[PDB]
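**Student:** Please see the structure below; I have some questions.
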Amino acid sequence: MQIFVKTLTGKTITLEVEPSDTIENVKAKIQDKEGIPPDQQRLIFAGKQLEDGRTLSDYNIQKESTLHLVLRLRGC
Amino acid sequence: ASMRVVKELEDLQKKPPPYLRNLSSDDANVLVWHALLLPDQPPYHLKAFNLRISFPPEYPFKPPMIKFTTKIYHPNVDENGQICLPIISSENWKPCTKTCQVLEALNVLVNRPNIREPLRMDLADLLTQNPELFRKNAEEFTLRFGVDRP
């Protein structure tokens, strides 16, 4: 299913993931096209943080769901 | 603690770099430095940017937090005025390092943008696509929310 990943920069990308897709794998898919390291990838959905070991079924994520990607810059 | 800060300031106030002017302590704080950064890179060379150096009470064991007082349209600076300098980060810091060295690193990063690890993916992408368009936006901003060139 096609979901929408929107960064804090407004940049929204389309991602193809299945309900059984793990969040950690989702991060990899994002880095695959964008390049943002998973360590700095903080996916927020409906106010809840997506745990790496969780899947899209856990948080009940449907198609076209817009996720908010917060970048964790580790350089301060 | 503040003893070293006073020394560093006293030294820098005698032989200040060509890119650092109006360097003095805060009106009511010796642990706060006030200075105007003069970038040479275009179009930041049209104006100056004021920076505020905040020295921690655990100096020099704790790195001095430097932030921008003014607004600089740079892909390595945030909309508020925060920066990510590895030299004074919680991931890397040496008490033997003086503020003068940090100022140099800051100046280098302000002049030469880092498209590898930036603070603004939008500006970084733009810079690596159209330098002219980026220059236009940065220019108007510099001559809008920037301090006059000393």
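In the structure tokens, the first chain shown is A, the next is B, and so on; residue numbers restart at 1 for each chain, and ligands run from 1 in the order shown.
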When you get a sec, could you note down which chain A residues fall within 10 Å of chain B, using only C-alpha atoms, as a PyMOL selection string?

**Tutor:** chain A and resi 7-11+36+71+73-76

**Student:** Only C-alpha atoms, please: the residues just picked out, written as a tab-separated table (two decimals), in the first residue's frame.

**Tutor:**
```tsv
chain	number	residue	atom	x	y	z
A	7	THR	CA	9.27	15.48	6.75
A	8	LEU	CA	9.46	18.61	8.91
A	9	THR	CA	10.73	20.34	5.77
A	10	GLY	CA	7.36	19.82	4.08
A	11	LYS	CA	8.92	17.34	1.67
A	36	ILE	CA	18.33	9.88	5.82
A	71	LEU	CA	14.99	14.21	12.09
A	73	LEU	CA	20.41	15.44	14.46
A	74	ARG	CA	23.18	14.04	16.64
A	75	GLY	CA	25.75	16.83	16.46
A	76	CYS	CA	25.17	19.16	19.39
```

**Student:** Where does DSSP see helix (DSSP H, G or I) in chain A, if you list the residues as an MDAnalysis selection string?

**Tutor:** chainID A and resid 23:33 38:40

**Student:** Grab the residues selected above and save them as an mmCIF file, in the first residue's frame with N, CA, C and O atoms.

**Tutor:**
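Written output follows (out.cif):
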```cif
data_model
loop_
_atom_site.group_PDB
_atom_site.id
_atom_site.type_symbol
_atom_site.label_atom_id
_atom_site.label_comp_id
_atom_site.auth_asym_id
_atom_site.auth_seq_id
_atom_site.Cartn_x
_atom_site.Cartn_y
_atom_site.Cartn_z
ATOM 1 N N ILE A 23 8.495 -1.312 11.090
ATOM 2 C CA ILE A 23 8.931 0.081 11.103
ATOM 3 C C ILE A 23 10.410 0.210 10.750
ATOM 4 O O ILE A 23 10.800 1.117 10.015
ATOM 5 N N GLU A 24 11.228 -0.705 11.266
ATOM 6 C CA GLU A 24 12.658 -0.694 10.980
ATOM 7 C C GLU A 24 12.890 -0.818 9.475
ATOM 8 O O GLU A 24 13.735 -0.132 8.897
ATOM 9 N N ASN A 25 12.102 -1.678 8.844
ATOM 10 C CA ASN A 25 12.186 -1.894 7.405
ATOM 11 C C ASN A 25 11.705 -0.647 6.664
ATOM 12 O O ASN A 25 12.227 -0.294 5.606
ATOM 13 N N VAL A 26 10.716 0.028 7.245
ATOM 14 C CA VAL A 26 10.176 1.251 6.666
ATOM 15 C C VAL A 26 11.274 2.311 6.620
ATOM 16 O O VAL A 26 11.438 3.013 5.619
ATOM 17 N N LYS A 27 12.042 2.394 7.706
ATOM 18 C CA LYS A 27 13.147 3.341 7.797
ATOM 19 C C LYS A 27 14.156 3.083 6.683
ATOM 20 O O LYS A 27 14.674 4.019 6.064
ATOM 21 N N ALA A 28 14.417 1.802 6.429
ATOM 22 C CA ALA A 28 15.350 1.398 5.389
ATOM 23 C C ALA A 28 14.836 1.836 4.024
ATOM 24 O O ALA A 28 15.603 2.301 3.182
ATOM 25 N N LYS A 29 13.529 1.702 3.820
ATOM 26 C CA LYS A 29 12.905 2.098 2.564
ATOM 27 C C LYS A 29 13.019 3.607 2.355
ATOM 28 O O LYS A 29 13.200 4.078 1.230
ATOM 29 N N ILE A 30 12.922 4.359 3.445
ATOM 30 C CA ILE A 30 13.031 5.810 3.384
ATOM 31 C C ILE A 30 14.463 6.209 3.041
ATOM 32 O O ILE A 30 14.690 7.064 2.184
ATOM 33 N N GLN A 31 15.429 5.564 3.691
ATOM 34 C CA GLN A 31 16.839 5.846 3.440
ATOM 35 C C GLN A 31 17.222 5.421 2.028
ATOM 36 O O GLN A 31 18.079 6.031 1.395
ATOM 37 N N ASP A 32 16.560 4.384 1.539
ATOM 38 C CA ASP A 32 16.810 3.856 0.205
ATOM 39 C C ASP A 32 16.567 4.907 -0.879
ATOM 40 O O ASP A 32 17.305 4.978 -1.863
ATOM 41 N N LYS A 33 15.544 5.735 -0.691
ATOM 42 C CA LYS A 33 15.224 6.769 -1.668
ATOM 43 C C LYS A 33 15.748 8.145 -1.262
ATOM 44 O O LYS A 33 16.289 8.876 -2.096
ATOM 45 N N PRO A 38 18.575 5.869 9.510
ATOM 46 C CA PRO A 38 17.504 5.373 10.392
ATOM 47 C C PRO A 38 17.674 5.833 11.841
ATOM 48 O O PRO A 38 16.695 5.970 12.575
ATOM 49 N N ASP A 39 18.922 6.078 12.242
ATOM 50 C CA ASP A 39 19.219 6.534 13.602
ATOM 51 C C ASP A 39 18.642 7.924 13.845
ATOM 52 O O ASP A 39 18.305 8.287 14.976
ATOM 53 N N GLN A 40 18.514 8.690 12.770
ATOM 54 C CA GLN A 40 17.984 10.042 12.845
ATOM 55 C C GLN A 40 16.537 10.079 12.365
ATOM 56 O O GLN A 40 15.949 11.151 12.238
#
```

**Student:** Could you pull out the residues in region 3-73 of chain A that DSSP calls strand (DSSP E) from the backbone, as number ranges by chain?

**Tutor:** A: 3-7, 12-16, 41-45, 48-49, 66-71
